[PDB]
Amino acid sequence: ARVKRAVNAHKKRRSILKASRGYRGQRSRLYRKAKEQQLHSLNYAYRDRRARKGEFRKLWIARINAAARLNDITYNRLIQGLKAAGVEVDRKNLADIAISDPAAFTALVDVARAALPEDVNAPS
Amino acid sequence: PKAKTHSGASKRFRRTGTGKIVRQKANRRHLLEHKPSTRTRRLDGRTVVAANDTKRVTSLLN
Amino acid sequence: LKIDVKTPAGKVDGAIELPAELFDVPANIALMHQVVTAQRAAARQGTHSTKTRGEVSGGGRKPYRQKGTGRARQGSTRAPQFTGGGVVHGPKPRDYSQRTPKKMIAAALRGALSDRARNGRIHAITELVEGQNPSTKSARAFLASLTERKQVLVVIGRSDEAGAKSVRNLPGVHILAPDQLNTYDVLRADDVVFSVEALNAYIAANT
Amino acid sequence: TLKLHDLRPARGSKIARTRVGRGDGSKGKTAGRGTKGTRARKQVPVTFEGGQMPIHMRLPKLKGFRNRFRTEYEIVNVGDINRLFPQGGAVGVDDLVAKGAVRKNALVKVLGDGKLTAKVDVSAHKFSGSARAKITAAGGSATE
RNA sequence: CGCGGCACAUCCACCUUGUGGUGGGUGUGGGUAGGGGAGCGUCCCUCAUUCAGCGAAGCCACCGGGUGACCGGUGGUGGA
RNA sequence: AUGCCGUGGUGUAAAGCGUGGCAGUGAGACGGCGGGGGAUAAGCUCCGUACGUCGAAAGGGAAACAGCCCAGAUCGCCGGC
RNA sequence: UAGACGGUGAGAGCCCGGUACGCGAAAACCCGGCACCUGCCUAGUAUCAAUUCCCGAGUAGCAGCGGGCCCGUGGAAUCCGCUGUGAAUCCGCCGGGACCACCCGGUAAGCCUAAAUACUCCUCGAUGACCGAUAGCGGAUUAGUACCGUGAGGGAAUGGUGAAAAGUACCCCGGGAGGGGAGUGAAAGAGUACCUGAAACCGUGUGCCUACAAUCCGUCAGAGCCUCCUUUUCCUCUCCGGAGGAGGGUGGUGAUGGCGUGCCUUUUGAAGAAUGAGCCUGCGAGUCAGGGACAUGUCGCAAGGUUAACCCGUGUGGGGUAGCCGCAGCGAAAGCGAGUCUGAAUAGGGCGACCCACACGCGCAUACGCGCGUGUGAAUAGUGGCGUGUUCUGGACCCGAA
Ligand SMILES: [Mg+2]
Ligand SMILES: [Mg+2]
Ligand SMILES: [Mg+2]
Ligand SMILES: [Mg+2]
Ligand SMILES: [Mg+2]
Ligand SMILES: [Mg+2]
Ligand SMILES: [Mg+2]
Ligand SMILES: [Mg+2]
Ligand SMILES: [Mg+2]
Ligand SMILES: [Mg+2]
Ligand SMILES: [Mg+2]
Ligand SMILES: [Mg+2]
Ligand SMILES: [Mg+2]
Ligand SMILES: [Mg+2]
Ligand SMILES: [Mg+2]
Ligand SMILES: [Mg+2]
Ligand SMILES: [Mg+2]
Ligand SMILES: [Mg+2]
Ligand SMILES: [Mg+2]
Ligand SMILES: [Mg+2]
Ligand SMILES: [Mg+2]
Ligand SMILES: [Mg+2]
Ligand SMILES: [Mg+2]
Ligand SMILES: [Mg+2]
Ligand SMILES: [Mg+2]
Ligand SMILES: [Mg+2]
Ligand SMILES: [Mg+2]
Ligand SMILES: [Mg+2]
Ligand SMILES: [Mg+2]
Ligand SMILES: [Mg+2]
Ligand SMILES: [Mg+2]
Ligand SMILES: [Mg+2]
Ligand SMILES: [Mg+2]
Ligand SMILES: [Mg+2]
Ligand SMILES: [Mg+2]
Ligand SMILES: [Mg+2]
Ligand SMILES: [Mg+2]
Ligand SMILES: [Mg+2]
Ligand SMILES: [Mg+2]
Ligand SMILES: [Mg+2]
Ligand SMILES: [Mg+2]
Ligand SMILES: [Mg+2]
Ligand SMILES: [Mg+2]
Ligand SMILES: [Mg+2]
Ligand SMILES: [Mg+2]
Ligand SMILES: [Mg+2]
Ligand SMILES: [Mg+2]
Ligand SMILES: [Mg+2]
Ligand SMILES: [Mg+2]
Ligand SMILES: [Mg+2]
Ligand SMILES: [Mg+2]
Ligand SMILES: [Mg+2]
Ligand SMILES: [Mg+2]
Ligand SMILES: [Mg+2]
Ligand SMILES: [Mg+2]
Ligand SMILES: [Mg+2]
Ligand SMILES: [Mg+2]
Ligand SMILES: [Mg+2]
Ligand SMILES: [Mg+2]
Ligand SMILES: [Mg+2]
Ligand SMILES: [Mg+2]
Ligand SMILES: [Mg+2]
Ligand SMILES: [Mg+2]
Ligand SMILES: [Mg+2]
Ligand SMILES: [Mg+2]
Ligand SMILES: [Mg+2]
Ligand SMILES: [Mg+2]
């Protein structure tokens, strides 16, 4: 029995050229260049769904470091003060309080300031 | 298309009763003056074909 | 174990006993799958061919110079990557006759007839038609008073040409000699219908 | 009832065939060869050991000839004359064939492995030395 | 490390007690050449069953699904 | 000093040894240490090393970096060290 | 006795050609019988003597050089060629693997012979787990045609309207080609460019973005605009119709920040400035034959397993013992045999055979099973099918020279 290869072969061709809409050039009109882009387009999501855990953290740190300095204490000494008083609030929620409610992030500063050791440069 | 056996290795290897392959030993045909009798006697008899050359001798007899 | 002989347009006249070493063998599934497969393979006519690059016509020369043009070197105009060249590893004429042993064939037939006789399907009739000229409207009605199913294997003698002609053109009726029972035909049928002259020829061929 | 959509092969007797050269998810482009040498396009013969003088030209010939007239004999031990014949009687060349201990149209020779108690009376070709003393020690006899 | 998903290997109790599933321990799963294990899709045949001029195949779009090859539902086109 | 050979303890699941099936591989590269040829030149050559990494190893660091340092990716997470 | 197959406006045993089953041949040729015709025989047979005659000539033998047989000139017989030499007619001559002798077999140098077997340009009738237009013959189409070559030779591409041409009367723009309106048809989303009509490639309309920006063309963040379906609280025209904004959501786009050196082959190492690819669609590469060889899965029978050719069957079924492998090994071999070879050796080795967990039994032993027992019934095991991996011979995974 001889088989025409065509009904089988057109199945991995439609589902590349549906996941390749929006690209510009030969990379959305031809099969041999949309396959080469999907190899790069799916690796750039596996590389970046793990990198973006470290890229929202990098923004929460900068938003805490900004709103800490409106209450004249560094980020170097706010996280020490919050770990000493036992406040286990993560940095996503510690940033969204600093944006959306400024009179509640202040009370987490006056707790981290008061729970800090008295001579921060003294050996301990 | 009936498979031939190698016509030379069937003069240099035979079989014992339990599937072993035996052979003879060399250095005993000529130049036997300077060989003492503790060397011509070690080369007498038949030994089992060694464990690393039993796949290329099976596939010549068979 | 005891199958009663029926008569065309009539009654039960006698009884024929089915022996146990021929109709009560246990049903072995993994053996009948090998005898059925080895029989449809013998039905393959095996007549299919293509041409290689050495039998497609022409192609004897080398078409152009190997160095100089900028095209790929090609060697023959009928090599298998050309449109119109020979087929590589194409089908040749082949035989498919497997070589199943005699005991694996006989003991799969006896497991096939046993599985029909265990559920009450072996019937025995004294003749299909009560004359010497054939007729189908009677033999359809007579096989409809026996069974009401779609597949019937009618085993009658070889020299009974009066009744063999009577069941040739029924839809879903097969006809075979007593010494031509095989495993693929009993297993297709639901209802094996012997003859009392034909069952005594199969039992006395196996003691 | 057993129909043809109820027959299936035994579990494990029909395993799939390894089609090779059909993608990187299976045995891929090189189809289990890898190399760029003789093994990658051709076959290396068995008799060839890279150039040095091979295993069938280093070792010498096995000594001696084969006999053109070696009349062999078939073998039945006296321990299976006992078990096949547990009550005695005449044991010819013919009855040993039917009982399944010797080949058709060949010559028999009774050896002596085992114990014999039954009063057998065996006719054969060319008895052993230890068979005329395990048969005459039970009242039997050994003719030709 | 914390919380969820999957896979293999062994261990511990249970039932036809490996032809194997159920339940929790612990360990383990980057990979080329290469070895082993298990599957998807096309086409032909046989057995059974089912849909089709009240619109099959094939082709196109859209809404969904599976750990992967890939699959399904609705509409449009079309004519065995 | 090390390294190797044997034995008695303690520790460790995925170590070993024997016999079959099927292999591939036999052009290696640079770094640390020990030496030969060279001019104690070389991104030079040829060796040793239960030495590493690459090859066949992505991630973070050395501005960029096959071979250096840290660490071995089963998948998810807008969570901590 | 017809449900084979095909046609008919779609899947038909009952519409048609037909099938099952029967009938049919003026003449021609083939075969068969009887006649005519043509030929042959009608004189030997049996016993007996053993003298004589004959029984296939430049042939056989021998020699020289070659050919071919398992046999590559070897110790080389039988068989055939050429060149020399060259017998004998039964007490004859030749063969039985140099050669002799004895024995058994046979009559060379004259001739003819059915059947079993090999083949298919062609003729009729059947069949396909073969192809369906880049397949299948090169050839479904002017096909060995066009075309190329002085020549021998090489050697293409091109099939499908519809059920039925009912093939768009007639009018309008136009020189026409082509269109529009009508019409035919179930369908013109079938218009002699014609069934279905994918992709590359090429227009047109439209929502968004784009003229201060250095972009393996993506991915993660991410504003803004457009589009379509909905809860809320309102306008309440409310049976309305969902009128407008806010909130949420699907789909399109993506100002803007972070990461980011295309795929493939070959390499110590490639984004490469090492090799390959302009794009798409189809085609293009571990396949077969054998009772082959080795392993392994699985079914059958199991001290046995199994048939080959062949025969009888309307088939896949039933027969067929020749054979192969198992059944006992050692040895160069004569051979001997649970043993055999080496040897002067009941010395030692080499290969090969040989069952306990008992009780009883045991010259019984401190104890411990050696020697030997009926079973207490220790577990050996091969052969043949079909699968898979590798392999041997063949073109042997596919393409490529001078
Ligand atoms: Mg885009
Ligand atoms: Mg992290
Ligand atoms: Mg010698
Ligand atoms: Mg000497
Ligand atoms: Mg040719
Ligand atoms: Mg050529
Ligand atoms: Mg062709
Ligand atoms: Mg047969
Ligand atoms: Mg590739
Ligand atoms: Mg290699
Ligand atoms: Mg190489
Ligand atoms: Mg290569
Ligand atoms: Mg040499
Ligand atoms: Mg892995
Ligand atoms: Mg890991
Ligand atoms: Mg691999
Ligand atoms: Mg429709
Ligand atoms: Mg189809
Ligand atoms: Mg789909
Ligand atoms: Mg649909
Ligand atoms: Mg459809
Ligand atoms: Mg080398
Ligand atoms: Mg080297
Ligand atoms: Mg080195
Ligand atoms: Mg080094
Ligand atoms: Mg150095
Ligand atoms: Mg160097
Ligand atoms: Mg170098
Ligand atoms: Mg790295
Ligand atoms: Mg490593
Ligand atoms: Mg790095
Ligand atoms: Mg960096
Ligand atoms: Mg920290
Ligand atoms: Mg029909
Ligand atoms: Mg008719
Ligand atoms: Mg004569
Ligand atoms: Mg001569
Ligand atoms: Mg010759
Ligand atoms: Mg002789
Ligand atoms: Mg004559
Ligand atoms: Mg003649
Ligand atoms: Mg003839
Ligand atoms: Mg013929
Ligand atoms: Mg024909
Ligand atoms: Mg063609
Ligand atoms: Mg077509
Ligand atoms: Mg011309
Ligand atoms: Mg018109
Ligand atoms: Mg019109
Ligand atoms: Mg109309
Ligand atoms: Mg219609
Ligand atoms: Mg239509
Ligand atoms: Mg066209
Ligand atoms: Mg069209
Ligand atoms: Mg601008
Ligand atoms: Mg820059
Ligand atoms: Mg960007
Ligand atoms: Mg290089
Ligand atoms: Mg490499
Ligand atoms: Mg470039
Ligand atoms: Mg390049
Ligand atoms: Mg190029
Ligand atoms: Mg290409
Ligand atoms: Mg393609
Ligand atoms: Mg021997
Ligand atoms: Mg001994
Ligand atoms: Mg096969």
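As a reminder, the structure under discussion sits directly above these lines.
Residues numbered from 1 in each chain as written, not as in the entry; some residues may be left out. Chains lettered and ligands numbered in written order. Part of a larger assembly, values for the part shown. Heavy atoms only, no water.

Remarks on the sheet that holds strand β7 (residues 191-195) of chain C
All names here are of chain C. Applicable threshold: Between any two strands, at least two bridges found by DSSP are needed for them to pair. Counting from the N terminus, the helices are DSSP H or I runs at least four residues long and the strands are E runs at least two residues long.
Taken in spatial order, the 5 strands make up an open sheet running β2-β4-β7-β5-β6, and their pairing is parallel. Strands at the two margins of the open sheet, each flanked by one partner only, are β2 (5-6) and β6 (173-176). The pairing of strand β5 (residues 152-155) with β7 spans 3 bridges and is classified as parallel. Pairing of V154 across the sheet is with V193, part of β7.

Some thoughts on the protein's contact with RNA strand E
Going by this rule: Throughout this document, a residue counts as near a molecule or strand when at least one of its heavy atoms sits within 4 Å of that molecule or strand. Whenever two N or O atoms come within 3.5 Å, that pair is a polar contact, provided that in protein one can donate a hydrogen and the other can accept it, and provided that, for residues adjacent in sequence, both atoms are side-chain atoms.
In the vicinity of RNA strand E, 18 residues are found, and the nearest of them are A:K11, A:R14, C:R40, C:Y184 and D:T30. A share of 89% of the atoms of RNA strand E within 4 Å of the protein falls on sugar and phosphate groups. In this structure, a phosphate oxygen belonging to RNA strand E sits 2.8 Å away from a side-chain N or O atom of A:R14. In the environment of RNA strand E, a phosphate oxygen lies 3.2 Å from a nitrogen or oxygen atom belonging to the side chain of A:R21. Of all the elements in the fold, those that place two or more residues in the surface near RNA strand E are α2 (11-14) of chain A together with α6 (183-188) of chain C. Considering each element in turn, the surface near RNA strand E owes the most residues, 3 residues, to α2(A).

Examining helix α6 (residues 75-84) of chain A
All names here are of chain A. Quick reminder of the rule: Each residue's exposure class comes from its accessible area (1.4 Å probe, protein chains only) as a fraction of the maximum for that residue type: buried when under 20%, exposed when over 50%, partly exposed otherwise. The directions from the helix axis to the C-beta atoms form the arc being described. The contact criterion used throughout is that any non-hydrogen atoms of two residues lie within 4.5 Å.
Those residues of α6 not exposed but buried are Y75, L78, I79, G81 and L82. One face of α6 carries all of its buried residues, which in axial projection span an arc of 160°. Of the residues in α6, the exposed ones pointing more than 90 degrees away from the buried face are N76, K83 and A84. Tucked inside the fold, the buried residues of α6 contact α5 (53-68), α7 (91-100), α8 (102-105) and α9 (109-114).

Brief notes about the side chain of C:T147
All names here are of chain C. Relative to the helices and strands, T147 resides in the loop between α4 (137-146) and β5. Within the structure, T147 has its side chain in polar contact with the backbone oxygen of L143 (distance 3.2 Å). For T147, the residues in contact, after removing those within four places along its chain, are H123, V152 and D191.

Notes on the sheet that holds strand β3 (residues 142-143) of chain D
Whenever strands of a sheet pair, they do so through backbone hydrogen bonds, lying parallel or antiparallel. Residues and elements named next belong to chain D. Strand order across the open sheet formed by 3 strands is β1-β2-β3, with parallel pairing between neighbours. Two strands lie at the open edges of the sheet, namely β1 (89-91) and β3, each paired on one side alone. Here β1 runs beside strand β2 (residues 120-123); their pairing, made up of 3 bridges, is parallel. Opposite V91, over in β2, you have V122 as the bridge partner.

Considering α7(A)
All names here are of chain A. Among the residues of α7, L94, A95 and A98 are the ones counted as buried. Taken down its axis, α7 places every buried residue within 100° of arc, on the same side. Turning to α7, the residues buried within the fold contact α5, α6 and α8.

Observations regarding the interface of chain D and chain C
Keep this limit in mind: The term buried area refers to how much accessible surface (probe radius 1.4 Å) is lost by two components on association, counted for both of them together. The salt bridge definition used is simple: a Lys or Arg side-chain nitrogen within 4 Å of an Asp or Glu carboxyl oxygen. Basically, the charged four are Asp, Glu, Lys and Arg, the nonpolar ten are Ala, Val, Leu, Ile, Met, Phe, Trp, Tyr, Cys and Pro, and anything else, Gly included, counts as polar.
Each partner contributes to the interface: chain D provides 9 residues, whereas chain C provides 14 residues. Here chain D meets chain C over a buried area of about 1000 Å², counting both sides, of which 67% is carbon and sulfur. With its nearest N and O atoms 2.4 Å apart, the salt bridge here joins D:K3 to C:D190. Viewed at the interface, chain C and chain D are joined by 4 residue pairs in polar contact. Here the residues of the side of chain D that touches chain C are counted per class, giving 5 nonpolar, 1 polar and 3 charged.

Observations regarding a negative patch on the surface
Residues and elements named next belong to chain C. Note the cut-off: The residues that make up patches have over 30% relative accessible area and no salt bridge, and they are joined within 9 Å when like-charged or within 5 Å when they are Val, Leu, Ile, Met, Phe, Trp or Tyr. Where accessible areas are quoted, they stem from the Shrake-Rupley method and a 1.4 Å probe; at the residue level, only the protein chains shown are allowed to cover. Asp and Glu are treated as the negative residues and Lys and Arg as the positive ones, with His and the ends of the chain left uncounted. For charged residues, the charge sits on one atom: NZ in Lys, CZ in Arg, CG in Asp, CD in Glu.
On the surface, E127, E130, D160, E161 and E197 cluster together into a patch of negative charge. Along the polypeptide, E127 turns up in the loop between β4 (123-125) and α4. For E127, a relative accessible area of 31% gives the class partly exposed.

A look at the protein's contact with RNA strand F
Surrounding RNA strand F, one finds 17 residues, the nearest of these being A:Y46, A:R50, A:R52, A:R91 and D:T35. For RNA strand F, the fraction of atoms within 4 Å of the protein that belong to sugar or phosphate moieties is 87%. The separation between a phosphate oxygen of RNA strand F and a polar side-chain atom of A:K53 is 3.4 Å. Here the element with the most residues in the surface near RNA strand F is α5(A); it accounts for 4 residues. Of the residues assigned to the surface near RNA strand F, the class counts are 3 nonpolar, 3 polar and 11 charged.

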